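Notes to accompany the following structure.
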Amino acid sequence: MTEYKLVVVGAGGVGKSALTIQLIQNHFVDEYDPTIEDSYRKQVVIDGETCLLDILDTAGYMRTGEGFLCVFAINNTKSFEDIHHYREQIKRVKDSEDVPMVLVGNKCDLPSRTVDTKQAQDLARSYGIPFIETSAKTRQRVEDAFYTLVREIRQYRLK
Ligand SMILES: Nc1nc2c(ncn2[C@@H]2O[C@H](COP(=O)(O)OP(=O)(O)NP(=O)(O)O)[C@@H](O)[C@H]2O)c(=O)[nH]1
Ligand SMILES: [Mg+2]
Ligand SMILES: [Mg+2]
């Protein structure tokens, strides 16, 4: 079983825990319980590779993580602004510009959007990483988000 150490980062309340619990448990957490630091391990098959995912759900690990899910909420402009701070801190710690990352715009089921998809696409394009729009509430593209991050790490290891 190939291991992938994934770390979910982003401002408070953007749905990091909700996305992680949807992946692990197939259950939407409606209550907002602020996270300290939670670890999960899940065995999955991704593109035919049997994988062990080690997911660290952080509070709103930069050394141990191999790939980072950088989450903002599409109805929280400040959380989108704060992404740069998360990425720059990761880059500093890993002393690298190619660390595997996926940009996640969560809560896409909410109509009170203030981060336009074009803004998010331009940021992702700049960093050289994928962009996935999710909803933990409806479980839209939750697996896609985490599996895309796995694939980024896989491609990184193979150059
Ligand atoms: N409508 C909607 N609400 C969501 C979605 N994802 C999370 N939420 C809601 O937003 C709140 C915060 O979700 P939660 O996962 O704790 O946030 P978090 O980033 O883990 N926060 P923290 O940093 O404090 O640990 C919860 O009420 C949750 O139900 C989503 O896709 N859609
Ligand atoms: Mg949390
Ligand atoms: Mg605007």
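Residues in the structure tokens are named by chain (A, B, ... in the order shown) and by number from 1 within that chain; ligands are numbered from 1 in the order shown.
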Step by step, measure atom-to-atom distances between ligand 2 and each residue using only C-alpha atoms and all ligand atoms, keep those at most 9 Å, then write them as a PyMOL selection string. chain A and resi 12-18+20+32-38+57-60
Would you kindly return, as a PyMOL selection string, each protein, DNA or RNA residue with an atom no farther than 8 Å from any atom of residue 86 of chain A, considering only C-alpha atoms and excluding same-chain residues fewer than 3 positions away? chain A and resi 9-10+70+82-83+89-90
N, CA and C atoms of the current selection, written as a PDB file, in the first residue's frame:
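Saved file again19.pdb follows:
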ATOM      1  N   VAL A   9      -5.426  22.527   5.056  1.00  0.00           N
ATOM      2  CA  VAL A   9      -5.157  23.840   5.647  1.00  0.00           C
ATOM      3  C   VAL A   9      -6.116  24.887   5.062  1.00  0.00           C
ATOM      4  N   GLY A  10      -6.304  25.952   5.814  1.00  0.00           N
ATOM      5  CA  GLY A  10      -7.151  27.060   5.365  1.00  0.00           C
ATOM      6  C   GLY A  10      -7.735  27.752   6.560  1.00  0.00           C
ATOM      7  N   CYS A  70      -5.415  23.207   0.098  1.00  0.00           N
ATOM      8  CA  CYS A  70      -5.493  24.605   0.513  1.00  0.00           C
ATOM      9  C   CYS A  70      -6.916  25.086   0.266  1.00  0.00           C
ATOM     10  N   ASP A  82      -6.496  34.776   2.413  1.00  0.00           N
ATOM     11  CA  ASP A  82      -5.554  34.155   3.339  1.00  0.00           C
ATOM     12  C   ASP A  82      -4.780  32.971   2.722  1.00  0.00           C
ATOM     13  N   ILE A  83      -5.182  32.466   1.542  1.00  0.00           N
ATOM     14  CA  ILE A  83      -4.511  31.296   0.926  1.00  0.00           C
ATOM     15  C   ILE A  83      -3.046  31.569   0.735  1.00  0.00           C
ATOM     16  N   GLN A  89       3.962  29.908   3.608  1.00  0.00           N
ATOM     17  CA  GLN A  89       4.538  29.240   4.767  1.00  0.00           C
ATOM     18  C   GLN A  89       4.987  27.809   4.403  1.00  0.00           C
ATOM     19  N   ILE A  90       4.167  27.099   3.636  1.00  0.00           N
ATOM     20  CA  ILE A  90       4.556  25.761   3.158  1.00  0.00           C
ATOM     21  C   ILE A  90       5.835  25.829   2.327  1.00  0.00           C
TER      22      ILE A  90
END
Please report as JSON lines every residue of chain A lying within 10 Å of ligand 3, along with the nearest atom pair and their distance in Å (one decimal), using only C-alpha atoms and all ligand atoms.
{"residue": "A:77", "atom": "CA", "partner": "ligand 3", "partner_atom_place_in_ligand_line": "1 (Mg)", "distance": 8.2}
{"residue": "A:113", "atom": "CA", "partner": "ligand 3", "partner_atom_place_in_ligand_line": "1 (Mg)", "distance": 9.3}
{"residue": "A:114", "atom": "CA", "partner": "ligand 3", "partner_atom_place_in_ligand_line": "1 (Mg)", "distance": 5.9}
{"residue": "A:115", "atom": "CA", "partner": "ligand 3", "partner_atom_place_in_ligand_line": "1 (Mg)", "distance": 6.5}
{"residue": "A:116", "atom": "CA", "partner": "ligand 3", "partner_atom_place_in_ligand_line": "1 (Mg)", "distance": 7.1}
{"residue": "A:119", "atom": "CA", "partner": "ligand 3", "partner_atom_place_in_ligand_line": "1 (Mg)", "distance": 8.7}
Given only C-alpha atoms and all ligand atoms as the basis, pick out the residue of A:62, A:158, A:102, A:21 nearest to ligand 1.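 Checking each candidate against ligand 1, we get A:21 as the closest.
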Determine which residues of segment 82-153 of chain A DSSP labels as helix (DSSP H, G or I) from the backbone of this structure, then write them out as a ChimeraX atom specification. /A:83-94,117-127,142-153
Please indicate the distance in Å from atom CA of residue 130 of chain A to atom CA of residue 27 of chain A, rounded to one decimal place.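 Taking atom CA of residue 130 of chain A as the start and atom CA of residue 27 of chain A as the end point, the length is 25.1 Å.
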If DSSP is run on the backbone, what residues of segment 55-124 of chain A are strand (DSSP E or B)? A reply as a ChimeraX atom specification would be ideal. /A:55-58,67-73,101-106
For atom CA of residue 135 of chain A and atom CA of residue 93 of chain A, determine how far apart the two atoms are, in Å to one decimal place. 29.7 Å
Excluding residue 109 of chain A and residues on its chain fewer than 4 positions from it, collect all residues at most 10 Å away from it, counting only C-alpha atoms, and give them as a list in words. residues 74, 75, 113, 133, 134, 135, 136, 137, 138, 139 and 140 of chain A
Restrict the selected residues to N, CA and C atoms and save them as a short mmCIF file (atom, residue, chain, number, x, y, z; two decimals), in the first residue's frame.
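See result19.cif below for the written result:
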data_model
loop_
_atom_site.label_atom_id
_atom_site.label_comp_id
_atom_site.auth_asym_id
_atom_site.auth_seq_id
_atom_site.Cartn_x
_atom_site.Cartn_y
_atom_site.Cartn_z
N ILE A 74 -16.16 29.85 -0.90
CA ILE A 74 -16.48 30.74 -2.00
C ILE A 74 -17.34 31.94 -1.53
N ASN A 75 -17.85 31.83 -0.35
CA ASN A 75 -18.59 32.92 0.27
C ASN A 75 -17.82 33.63 1.37
N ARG A 113 -22.03 33.91 -3.04
CA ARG A 113 -20.65 33.83 -3.57
C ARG A 113 -19.99 35.21 -3.67
N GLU A 133 -13.65 22.97 -7.13
CA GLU A 133 -14.79 23.56 -6.37
C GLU A 133 -15.59 22.44 -5.74
N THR A 134 -15.78 22.52 -4.42
CA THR A 134 -16.42 21.44 -3.66
C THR A 134 -17.62 21.93 -2.88
N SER A 135 -18.45 20.96 -2.46
CA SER A 135 -19.39 21.18 -1.36
C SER A 135 -19.35 19.95 -0.42
N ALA A 136 -18.83 20.12 0.78
CA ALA A 136 -18.96 19.07 1.77
C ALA A 136 -20.43 18.82 2.09
N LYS A 137 -21.28 19.83 1.95
CA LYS A 137 -22.66 19.65 2.33
C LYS A 137 -23.40 18.70 1.41
N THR A 138 -23.25 18.87 0.12
CA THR A 138 -23.85 17.97 -0.84
C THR A 138 -22.90 16.87 -1.32
N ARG A 139 -21.67 16.81 -0.80
CA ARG A 139 -20.63 15.91 -1.25
C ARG A 139 -20.37 16.04 -2.75
N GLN A 140 -20.24 17.29 -3.21
CA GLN A 140 -19.79 17.58 -4.57
C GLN A 140 -18.24 17.64 -4.63
#
Which value, in Å to one decimal, gives the distance between atom 4 (C, counted along the ligand's line) of ligand 1 and atom CA of residue 125 of chain A?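 Atom 4 (C, counted along the ligand's line) of ligand 1 sits 25.4 Å away from atom CA of residue 125 of chain A.
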List the neighbours of residue 84 of chain A out to 12 Å using only C-alpha atoms; skip same-chain residues closer than 5 positions along the sequence, and give me the result as a list in words.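 After dropping sequence-adjacent residues, the list is residues 9, 10, 11, 70, 71, 72, 78, 79, 89, 90, 91, 103, 120, 123, 124, 126 and 127 of chain A.
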Emit the selected residues as a tab-separated table (two decimals), in the first residue's frame, including N, CA, C and O atoms.
chain	number	residue	atom	x	y	z
A	9	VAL	N	-5.43	22.53	5.06
A	9	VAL	CA	-5.16	23.84	5.65
A	9	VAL	C	-6.12	24.89	5.06
A	9	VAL	O	-6.72	24.72	4.01
A	10	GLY	N	-6.30	25.95	5.81
A	10	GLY	CA	-7.15	27.06	5.36
A	10	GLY	C	-7.73	27.75	6.56
A	10	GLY	O	-7.65	27.28	7.70
A	11	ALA	N	-8.31	28.92	6.29
A	11	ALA	CA	-8.85	29.73	7.37
A	11	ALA	C	-9.92	28.98	8.15
A	11	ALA	O	-10.43	27.96	7.75
A	70	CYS	N	-5.41	23.21	0.10
A	70	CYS	CA	-5.49	24.60	0.51
A	70	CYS	C	-6.92	25.09	0.27
A	70	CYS	O	-7.29	25.31	-0.89
A	71	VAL	N	-7.72	25.25	1.35
A	71	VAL	CA	-9.17	25.38	1.26
A	71	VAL	C	-9.56	26.79	1.61
A	71	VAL	O	-9.16	27.33	2.60
A	72	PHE	N	-10.36	27.38	0.74
A	72	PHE	CA	-11.10	28.60	1.08
A	72	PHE	C	-12.56	28.30	0.85
A	72	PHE	O	-12.93	27.28	0.30
A	78	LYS	N	-12.26	36.85	2.65
A	78	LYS	CA	-11.06	36.84	3.50
A	78	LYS	C	-10.35	35.50	3.50
A	78	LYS	O	-9.11	35.42	3.55
A	79	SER	N	-11.10	34.40	3.45
A	79	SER	CA	-10.45	33.09	3.44
A	79	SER	C	-9.69	32.90	2.14
A	79	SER	O	-8.71	32.11	2.11
A	89	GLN	N	3.96	29.91	3.61
A	89	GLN	CA	4.54	29.24	4.77
A	89	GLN	C	4.99	27.81	4.40
A	89	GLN	O	6.07	27.38	4.79
A	90	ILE	N	4.17	27.10	3.64
A	90	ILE	CA	4.56	25.76	3.16
A	90	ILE	C	5.83	25.83	2.33
A	90	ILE	O	6.75	25.00	2.49
A	91	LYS	N	5.87	26.75	1.37
A	91	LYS	CA	7.05	26.89	0.53
A	91	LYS	C	8.29	27.12	1.37
A	91	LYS	O	9.35	26.54	1.11
A	103	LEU	N	-5.82	23.62	-4.82
A	103	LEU	CA	-6.64	24.75	-4.33
A	103	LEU	C	-8.11	24.29	-4.36
A	103	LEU	O	-8.61	23.90	-5.37
A	120	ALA	N	-10.25	32.45	-8.65
A	120	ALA	CA	-9.65	31.22	-8.13
A	120	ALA	C	-8.83	30.53	-9.19
A	120	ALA	O	-7.76	30.00	-8.90
A	123	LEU	N	-5.51	32.31	-9.53
A	123	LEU	CA	-4.60	32.01	-8.43
A	123	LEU	C	-3.97	30.64	-8.65
A	123	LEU	O	-2.73	30.47	-8.55
A	124	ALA	N	-4.82	29.65	-8.95
A	124	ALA	CA	-4.32	28.31	-9.18
A	124	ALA	C	-3.36	28.27	-10.35
A	124	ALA	O	-2.30	27.60	-10.29
A	126	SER	N	-1.48	30.57	-11.31
A	126	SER	CA	-0.23	31.22	-10.92
A	126	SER	C	0.66	30.28	-10.13
A	126	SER	O	1.85	30.20	-10.37
A	127	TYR	N	0.09	29.49	-9.24
A	127	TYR	CA	0.80	28.60	-8.41
A	127	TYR	C	1.13	27.30	-9.15
A	127	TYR	O	1.90	26.49	-8.62
Using only C-alpha atoms and all ligand atoms, find the one residue out of A:148, A:121, A:76, A:155 that sits nearest to ligand 1.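 Using only C-alpha atoms and all ligand atoms, the shortest distance to ligand 1 belongs to A:76.
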Go through A:49, A:81, A:98, A:30 and flag the residue nearest ligand 1, using only C-alpha atoms and all ligand atoms for the distances. A:30
